[PDB]
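Enquirer: Let me see the structure of the following:
(5 chains, ligands or ions: 7)
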Amino acid sequence: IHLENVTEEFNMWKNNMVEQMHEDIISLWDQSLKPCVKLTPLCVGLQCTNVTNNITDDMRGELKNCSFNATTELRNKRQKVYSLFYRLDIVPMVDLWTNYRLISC
Amino acid sequence: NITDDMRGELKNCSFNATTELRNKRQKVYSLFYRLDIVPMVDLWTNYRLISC
Amino acid sequence: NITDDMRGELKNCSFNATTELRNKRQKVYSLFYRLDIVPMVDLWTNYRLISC
Amino acid sequence: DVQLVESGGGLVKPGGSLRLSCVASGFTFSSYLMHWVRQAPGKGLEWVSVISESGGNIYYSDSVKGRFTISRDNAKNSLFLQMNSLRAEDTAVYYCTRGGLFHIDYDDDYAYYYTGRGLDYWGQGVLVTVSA
Amino acid sequence: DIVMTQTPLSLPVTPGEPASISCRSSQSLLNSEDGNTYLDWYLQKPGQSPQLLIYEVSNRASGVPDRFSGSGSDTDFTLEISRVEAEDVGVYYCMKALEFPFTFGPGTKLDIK
Ligand SMILES: *[C@@H]1O[C@H](CO)[C@@H](O[C@@H]2O[C@H](CO)[C@@H](O[C@@H]3O[C@H](CO)[C@@H](O)[C@H](O[C@H]4O[C@H](CO)[C@@H](O)[C@H](O)[C@@H]4O[C@H]4O[C@H](CO)[C@@H](O)[C@H](O)[C@@H]4O)[C@@H]3O)[C@H](O)[C@H]2NC(C)=O)[C@H](O)[C@H]1NC(C)=O
Ligand SMILES: *[C@@H]1O[C@H](CO)[C@@H](O[C@@H]2O[C@H](CO)[C@@H](O[C@@H]3O[C@H](CO)[C@@H](O)[C@H](O)[C@@H]3O)[C@H](O)[C@H]2NC(C)=O)[C@H](O)[C@H]1NC(C)=O
Ligand SMILES: *[C@@H]1O[C@H](CO)[C@@H](O[C@@H]2O[C@H](CO)[C@@H](O)[C@H](O)[C@H]2NC(C)=O)[C@H](O)[C@H]1NC(C)=O
Ligand SMILES: *[C@@H]1O[C@H](CO)[C@@H](O[C@@H]2O[C@H](CO)[C@@H](O)[C@H](O)[C@H]2NC(C)=O)[C@H](O)[C@H]1NC(C)=O
Ligand SMILES: *[C@@H]1O[C@H](CO)[C@@H](O)[C@H](O)[C@H]1NC(C)=O
Ligand SMILES: *[C@@H]1O[C@H](CO)[C@@H](O)[C@H](O)[C@H]1NC(C)=O
Ligand SMILES: *[C@@H]1O[C@H](CO)[C@@H](O)[C@H](O)[C@H]1NC(C)=O
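Expert: Numbers count the residues shown, from 1 in each chain, chains lettered A, B, ... in the order given. Ligands and ions are numbered 1, 2, ... in the order given. And now the structure:
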């Protein structure tokens, strides 16, 4: 409904709709991720080497071929898993038979 | 240096704590109050925490 | 003493159970129905719980 | 009384192959890391390679990758090193050593413990000569 | 990428007097996971396989006389012997032990004047 002859003072930086939108987006984000698989069993050292595929000049060291001993469906078993991680997702670590670990662990 | 009133009230307890990595363990020492320590016989360890 | 219609219906299964202490295990056994477990191939074990 | 005795050395022509065997006694073989180190005549010590207790994790020095393969048999309490495509630069006395103590704590969710002691006990040494 | 060097390649010492063998790493050998520095010292007597003298920067190996003592910073290390006898001379090697790819330095010859 257009309001003819109605002048209203606005202030976009004092608008509480922004604060509500912010809180609603964060809350929905957390609600979405809460009932999901946690990766705490993967906070182990990784044995990482250079990717053996053809690497362009700008991808040298960006992506690494990492391997680790992950848990399985059963508590008493382990499996060796190979995966490619971006350098940004791993950090150097000194260990016996490993080179890197996940940045957030 | 422990006075007579505090004999047996504190113990220097060694244990293998978990750490950031799932398959690593961190050997640590801590001082616990006697009221928080309950005896166990075991073979290597001497006590466990009262609520475990 | 198992009757003719119960042969293989119930199994006596042993396993390494956890305990109230993280660094100790208890060897236990229990009777499971065949419908609760499925065959598994391993060095020391031969069944797992059907839903795991 | 920790003992390590190497055998299987001798003279091999360049391009051939030779397998050394280190027999250990006095300790549980499956509990310790095993290392090979070599010393060329007139040179200092050169680290060659290490094999884990299970044999699942193997690492070689860059100078010996490809040409050397390390393996072990815990039931027989012995360590093997298979050399291929030997070069004149590979003439050396080879030694096997015991590494640190590695333990898998089964009760503690198969946790890993390791105590390092350097290269600990060293063997007698076996000479491999590459020449023709 | 990590190498070891030793300045005193020839260090004759009067028997019965103290001596020390220095060693430098091209990179820090400190392990940030536990704060320990991993560096071993070995001695190869003529005609014998090398034996372990010191494990880690300052931990003496069992069976080693108490006269041998290691010390050092993350990159600058010294092995000191309070008195050197004929039984304590031969070729010394500095071995890095932080990263798994272990290497040895050029070594030094300790002898008797
Ligand atoms: C991550 O998890 C995986 C999965 O659990 C782990 O992989 C296991 O690794 C071990 C060690 O490599 C492996 O065990 C071998 O399995 C072989 C299957 O055929 C066996 O044949 C082998 O036995 C040989 O080696 C033993 C070593 O002592 C000897 O006792 C035995 O007599 C055999 O010896 C033969 O082989 C050696 C080779 O060196 C040779 O010198 C001898 O002459 C002889 O020929 C082992 O039992 C498991 O099978 C792997 N598991 C799976 C499912 O494949 C991995 O190690 C884990 N990683 C980490 C970091 O923990
Ligand atoms: C619960 O866990 C324990 C520990 O992992 C298991 O013990 C294992 O039991 C088997 C029984 O056959 C042992 O195998 C035997 O080992 C001896 C070793 O000398 C060998 O001579 C025999 O021929 C046979 O292979 C096995 O070694 C033992 N494992 C360990 C690590 O000690 C137990 O079986 C598990 N229980 C269940 C129900 O899964
Ligand atoms: C990452 O490394 C693994 C291990 O080397 C590679 O997987 C092996 O690749 C070879 C071929 O190069 C196969 O013959 C093996 O069977 C593979 N092994 C396993 C366990 O998968 C993997 O290809 C590498 N990936 C990249 C992109 O380099
Ligand atoms: C904490 O863990 C260490 C390592 O597992 C335990 O020390 C080991 O205990 C066994 C007992 O059989 C000894 O054989 C090992 O030699 C010990 N390790 C070392 C490196 O010497 C220690 O007992 C554990 N402590 C607690 C309180 O659980
Ligand atoms: C991996 O790539 C980086 C790129 O900078 C290079 O420095 C490194 O030496 C390479 N490593 C191997 C093992 O190829
Ligand atoms: C440790 O404290 C207890 C307290 O009951 C005492 O009986 C014991 O003698 C004390 N031990 C030592 C070695 O001081
Ligand atoms: C267990 O009972 C089943 C019943 O069909 C039989 O086939 C099997 O051989 C029996 N196994 C043992 C070990 O007695």
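
Enquirer: from here on, contacts and neighbour counts on C-alpha atoms
Expert: Fine.

Enquirer: how about residue A:20, what does it touch?
Expert: If you count contacts by C-alpha atoms under 8 Å, 6 or more residues apart in numbering or on different chains, residue A:20 has none.

Enquirer: and it, what helix or strand is that in?
Expert: Following DSSP states H and E, one finds residue A:20 within helix A:16-33.

Enquirer: May I have that helix as CSV, with CA atoms only?
Expert: Presented in CSV, the C-alpha positions along helix A:16-33 are these (Å, rounded to 0.1, in the frame of the first residue of the first chain):
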residue,chain,number,x,y,z
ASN,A,16,17.1,-4.0,14.2
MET,A,17,16.0,-6.2,11.2
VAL,A,18,19.7,-6.6,10.4
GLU,A,19,20.4,-7.9,13.9
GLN,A,20,17.5,-10.3,13.7
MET,A,21,18.5,-11.5,10.2
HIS,A,22,22.1,-12.0,11.5
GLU,A,23,21.0,-14.0,14.5
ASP,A,24,18.5,-16.0,12.5
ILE,A,25,21.0,-17.0,9.9
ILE,A,26,23.6,-18.0,12.5
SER,A,27,21.0,-20.0,14.5
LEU,A,28,19.8,-21.8,11.3
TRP,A,29,23.3,-22.5,10.3
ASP,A,30,24.1,-24.1,13.7
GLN,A,31,20.8,-26.0,13.7
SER,A,32,21.6,-27.4,10.3
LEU,A,33,25.2,-28.5,11.2
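
Enquirer: Is residue A:92 in contact with residue A:98, as I believe?
Expert: No. Under the criterion of C-alpha atoms under 8 Å, residue A:92 makes no contact with residue A:98, lying 9.3 Å away.

Enquirer: Looking at those two, which is more packed in?
Expert: Set residue A:92 next to residue A:98 and count neighbours by other C-alpha atoms under 10 Å in any protein chain shown: residue A:98 wins out with 20 against 15.

Enquirer: mind listing what that one touches?
Expert: Residues in contact with residue A:98 (C-alpha under 8 Å, 6+ apart) are A:45-48.

Enquirer: out of those, which are inside helices?
Expert: Using DSSP state H, no member of the contacts of residue A:98 falls within helices.

Enquirer: would JSON lines of those with neighbour count and distance to ligand 1 be doable?
Expert: Shown next, in JSON lines, are these (neighbours: other C-alpha atoms under 10 Å in any protein chain shown; distance: C-alpha to the nearest ligand atom, whole Å):
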{"residue": "A:45", "neighbour count": "26", "distance to ligand 1": "9"}
{"residue": "A:46", "neighbour count": "26", "distance to ligand 1": "10"}
{"residue": "A:47", "neighbour count": "20", "distance to ligand 1": "9"}
{"residue": "A:48", "neighbour count": "23", "distance to ligand 1": "13"}
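
Enquirer: Of the residues you listed, which is the nearest to chain B?
Expert: Nearest to chain B among the contacts of residue A:98, counting by C-alpha to the nearest C-alpha, is residue A:45 at 7.5 Å.

Enquirer: ok, now how distant is the closest residue to the closest one other than its chain neighbours from chain E?
Expert: Distances taken as C-alpha to C-alpha, 6 or more residues apart in numbering or on different chains place residue A:101 nearest to residue A:45, at 4.8 Å, with adjacent residues excluded. From residue A:101 over to chain E the distance is 12 Å, taken as C-alpha to the nearest C-alpha, to the nearest Å.

Enquirer: Count the neighbours of residue A:101 for me.
Expert: Neighbours of residue A:101 (other C-alpha under 10 Å): 24.

Enquirer: now it, which residues is it bridged with?
Expert: Per DSSP bridges, the residues bridged to residue A:101 are residue A:91.

Enquirer: Contact partners for it?
Expert: Contact partners of residue A:101, counting by C-alpha under 8 Å, 6+ apart, are A:43-46, A:90-93.

Enquirer: Could you do residue E:9 as well?
Expert: Contacts for residue E:9 (C-alpha under 8 Å, 6+ apart) come out as E:107-109.

Enquirer: List the buried residues in stretch D:105-119.
Expert: Residues of stretch D:105-119 classed as buried by neighbour count (16 or more other C-alpha atoms under 10 Å in any protein chain shown): D:107-111, D:116-119.

Enquirer: repeat for stretch A:50-57
Expert: Neighbour-count burial for stretch A:50-57 flags residue A:51 (criterion: 16+ other C-alpha under 10 Å).

Enquirer: Report whether that stretch contacts chain D.
Expert: No. Using C-alpha under 8 Å from any C-alpha of the partner chain, stretch A:50-57 stays clear of chain D, coming no nearer than 14.9 Å.

Enquirer: What's the local residue count around residue D:3?
Expert: Residue D:3 is flanked by 16 other residues according to other C-alpha under 10 Å.

Enquirer: neighbours of the nearest residue to it once chain neighbours are set aside, just the number please.
Expert: With sequence-adjacent residues excluded and distances taken as C-alpha to C-alpha, 6+ apart, residue D:3 is closest to residue D:25, at 5.2 Å. Close neighbours of residue D:25, defined as other C-alpha under 10 Å, add up to 13.

Enquirer: ok, now which ones touch residue D:25?
Expert: Residue D:25 makes contacts with D:2-4, D:77, as judged by C-alpha under 8 Å, 6+ apart.

Enquirer: JSON lines for those residues, including secondary structure and distance to residue D:64?
Expert: Formatted as JSON lines, those follow (DSSP: H, G, I helix; E, B strand; the rest coil; distance: C-alpha to C-alpha, whole Å):
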{"residue": "D:2", "secondary structure": "coil", "distance to residue D:64": "28"}
{"residue": "D:3", "secondary structure": "strand", "distance to residue D:64": "26"}
{"residue": "D:4", "secondary structure": "strand", "distance to residue D:64": "22"}
{"residue": "D:77", "secondary structure": "coil", "distance to residue D:64": "24"}
